[PDB]
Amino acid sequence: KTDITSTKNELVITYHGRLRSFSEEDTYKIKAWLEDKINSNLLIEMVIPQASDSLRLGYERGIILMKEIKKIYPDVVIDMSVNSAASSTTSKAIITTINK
């Protein structure tokens, strides 16, 4: 259900359902996207819908995602935020590269 799509410099996770670990397929996608990213810092935006449960889910998904990225690049520089969207009804994570 949760969907991962990416281009050269942007990876977008669109969450669906309950708090989940990443599937084996999602782990591969995130790993495949990071393979060429050794020299990139990462700007991560956790975006949740507008109105505590949703906020908590955004924190927990941010934790999972940090852990996932850190498995590949332990010394990765991350800046990560959590914010409500004006109106999306979607929870998502956007990763942008900043090349170093």
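When you see a residue number, it is the position in the sequence shown, counting from 1.
The entry shows an unbroken chain from residue 63 to residue 64, with no unmodelled residues of the deposited sequence in between.
Look at the C-alpha B-factors of 83-91 and of 18-26. On average they run higher in 83-91. Stretches 38-46 and 54-62 differ in mean CA B factor, with 38-46 having the higher one. Placement of the Cα temperature factor of residue 99 within the chain: highest third of the modelled residues, per the deposited record. Ranked by Cα temperature factor within the chain, residue 67 sits in the lowest third according to the deposited record.
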